[PDB]
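Here's the structure, in structure tokens; my notes come after.
Just so you know, all these numbers are worked out from the coordinates, no wet-lab data involved. Here the Cβ positions follow ideal geometry from the backbone for every residue, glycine too, while neighbour counts run over all protein chains shown.
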Amino acid sequence: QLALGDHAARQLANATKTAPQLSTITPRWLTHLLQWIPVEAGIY
Amino acid sequence: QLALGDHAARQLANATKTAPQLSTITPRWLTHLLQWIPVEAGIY
Amino acid sequence: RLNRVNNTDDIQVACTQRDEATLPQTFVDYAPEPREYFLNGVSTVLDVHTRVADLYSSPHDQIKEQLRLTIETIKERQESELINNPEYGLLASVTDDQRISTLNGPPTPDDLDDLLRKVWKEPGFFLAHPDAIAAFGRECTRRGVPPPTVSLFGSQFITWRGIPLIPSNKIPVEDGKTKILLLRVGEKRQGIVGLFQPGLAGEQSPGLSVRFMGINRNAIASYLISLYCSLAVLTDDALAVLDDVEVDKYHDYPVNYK
Amino acid sequence: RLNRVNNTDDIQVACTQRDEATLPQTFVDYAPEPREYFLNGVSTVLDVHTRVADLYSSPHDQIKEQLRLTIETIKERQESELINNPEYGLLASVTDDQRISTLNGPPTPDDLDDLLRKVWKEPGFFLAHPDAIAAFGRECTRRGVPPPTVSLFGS
Amino acid sequence: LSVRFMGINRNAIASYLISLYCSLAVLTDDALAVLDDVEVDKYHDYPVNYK
């Protein structure tokens, strides 16, 4: 070995961590396309 | 010899020279501890 | 994560002469798999009756009094854990190379000198049971050496070679045997450190949190108290332990009265 | 270059009386061939991979860490050399007139007093191994003398 | 103490030269003394008499 290795050197390094990925996410186009109306007391 | 040597290179260099050291120097505590009085004309 | 250097003997340096000699090549290697330290929790649930809290709280608040006493108990448990925890405690963390035993039983000044040899680089303090401290004072009296005293935090502690002895009742004493620890402290000098988690939700003191859990159908409210902490020894030589210390032996001195 | 006086016993002075006596003549002589001191070097070559330096340097710089550790090792080697160097070390530099031996083995307070006699003009400090320091403390305990303690650099 | 960059080799490894120059001088002989033959392995056997 001539110099310090990558495996040893990484111990001082901070990894970039992503938020967990969810496979089931879909664009959900219908909710975006529909028009939403507020109801005063849950009755229409 | 790949390059110029130390013995040759020193000929251009100025040595740092100390004042001569004297081994017989002592702290002479008694002279410091005593109180010294001036005499006007060498008579007490 | 405690990283460390693992090729100390392979870092080569050369003392040069007035010549054109070749120089060594070197690099510093790290441990591939360093130990990672993880905080442990001392936690409890405190139950307080709503009627008591409502009715009997002047001139003293009942909930606050209960919380104060419970937190005192939790802090005492934390002090016990810092010494006796099986995985992060000092006694478990000390190494066989740093463990020594008494010569002939009681904790003699020669034994304490031996311990200082194991920790010679800026020792911090001794930790011992009060019985062990008294036994050491007795041995010093037998040898005719009066140990000096230092003042710390408004209290007086005996010192050996300038290193104070600190009492702790959490150190176990079984069958008249105990242990004495010598410690160096602080990050700057590669010593012993404690670890805590800042910025807790509902934090009262650093590392301690109190959270309201709800009121049950018996009109009793519940409170969750949690303290997270850990301990790390950066280098092995920062800690030493003396074992097999006997604390039940008294000297029989001859007497001759007028 | 360490110059020195080499006729200390030939510098003549006279204590005068109330008379007209002749006075001595004197001068101070220097060593013709003084010893010249020449710096020695502790040196090394450190190798660092460019990929490691480029990739794994946040929150710590790899080159700086390697340099710091290597410099620490070099300073420890310098401390060793100041004591054990064959030509400029302290142990090699001490003179036979300034070398003494223990009476009957372990480092007794009488032995340390003997050493202080050899260096009586403003002594600075003792340098010793921790094992030797412990042995001296043990001898002091045997003689029933507790040595005092001083605080230097927070120790 | 000095640190100097020496170059990068064909293995993509960079080299650094570290050098420290020093010496020691004792101006007068009486400034240094040494005690030899110090033994550090001897312990005293003290008599005991316990209650």
- Note on the structure: Proxy exposure order for C:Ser151, D:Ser93 (fewest C-beta within 10 Å first) is C:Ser151, D:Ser93
- Computed [θ] at 222 nm, helices only, for the protein assembly as shown once each DSSP H run of length n ≥ 4 contributes -39500 (n - 2.57): -6500 deg cm²/dmol
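Across peptide C:32-40, how many C-beta atoms of other chains are within 10 Å of each residue C-beta, on average? Walk me through the numbers before you get to the answer.
Details: counts 5, 3, 3, 0, 0, 0, 0, 0, 0.
Per residue, the number of nearby Cβ atoms from other chains is 1 on average.
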- Could you name the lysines in cross-link range of C:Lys258, using Cα to Cα under 29 Å and dropping any fewer than eight places away on the same chain? C:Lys249, E:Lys51
- Message: Tell me which trypsin sites (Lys or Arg not before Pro) from segment D:26-130 have a DSSP coil assignment and no more than 12 other beta carbons within 10 Å of their own.
- Response: D:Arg35, D:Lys121
- Note on the structure: Here, C:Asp252 and B:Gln1, labelled 7 Å along Cα→Cβ, have an inter-label distance in nm of 8.6 nm
- Stokes-Einstein D (µm²/s) once Rh is taken as the Kirkwood radius of the protein assembly as shown over alpha-carbon pairs, at 4 °C in 1.567 mPa s: 41 µm²/s
- Query: How big is chain B in terms of Cα radius of gyration and Dmax, in angstroms?
  - Reply: 25.5, 78
- Task: Rounding to the nearest 20 debye, state how big the charge dipole of segment D:1-151 is about its Cα centre with +1 on each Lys and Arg Cβ and -1 on each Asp and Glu Cβ.
- Result: 460 debye
- Would you tally the net charge around B:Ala19, using a Cβ to Cβ cut-off of less than 14 Å, leaving B:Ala19 out, and scoring K and R as +1, D and E as -1? +3
- Task: Provide a whole-number value for the mean count of partner chain Cβ atoms within 10 Å of the Cβ atoms in peptide D:68-78.
- Result: 5
- Note on the structure: Two pseudo-spin positions, 7 Å from Cα along C-beta at C:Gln156 and at A:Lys17, lie apart in nanometres by 5.3 nm
- Item | Where only C-alpha atoms are counted, convex hull volume of segment D:1-150 per residue in Å³ | 291 Å³
- Binned Cα-Cα distances of segment C:138-238, short to long, each 10 Å bin given as a whole percent: 11, 22, 30, 19, 12, 5, 1
- Return the FRET efficiency for the residue pair D:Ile63, C:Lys75: r is the Cβ-Cβ distance, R0 is 56 Å, and the value is rounded to the nearest 0.05. 0.80
- Message: How high is the relative contact order of segment C:199-255? Use alpha-carbon pairs under 8 Å, at least six apart in sequence, and give a whole percent.
- Response: 20 percent
- Message: Out of the chymotrypsin sites (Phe, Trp or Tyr not before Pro) in segment D:83-155, which ones are loop residues according to DSSP with at most 15 other C-beta atoms within 10 Å?
- Response: D:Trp120, D:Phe125, D:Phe126, D:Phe153
- Query: What is the spin-label model distance, in nm, from B:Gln35 to A:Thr26 if the labels are put 7 Å beyond Cα along the C-beta direction?
  - Reply: 11.0 nm
- Task: Average the reciprocal distances over every distinct pair of alpha-carbons in chain C, invert the result, and give the Kirkwood radius in Å.
- Result: 22.6 Å
- Cα centroid separation, segment D:85-150 to segment C:124-201 (Å): 30 Å
- Message: For a quick check of your reading of the filter: which trypsin sites (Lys or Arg not before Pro) in segment C:166-252 sit in a DSSP loop and have no more than 12 other Cβ atoms within 10 Å?
- Response: C:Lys188, C:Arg217
- Sequence-distant residues sharing a close amide H with C:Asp29 (under 5 Å, placed H): C:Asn6, C:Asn7
- Task: Return the ratio Rg/(2.2 N^0.38 Å) for chain E, where Rg is computed over Cα atoms only.
- Result: 2.76
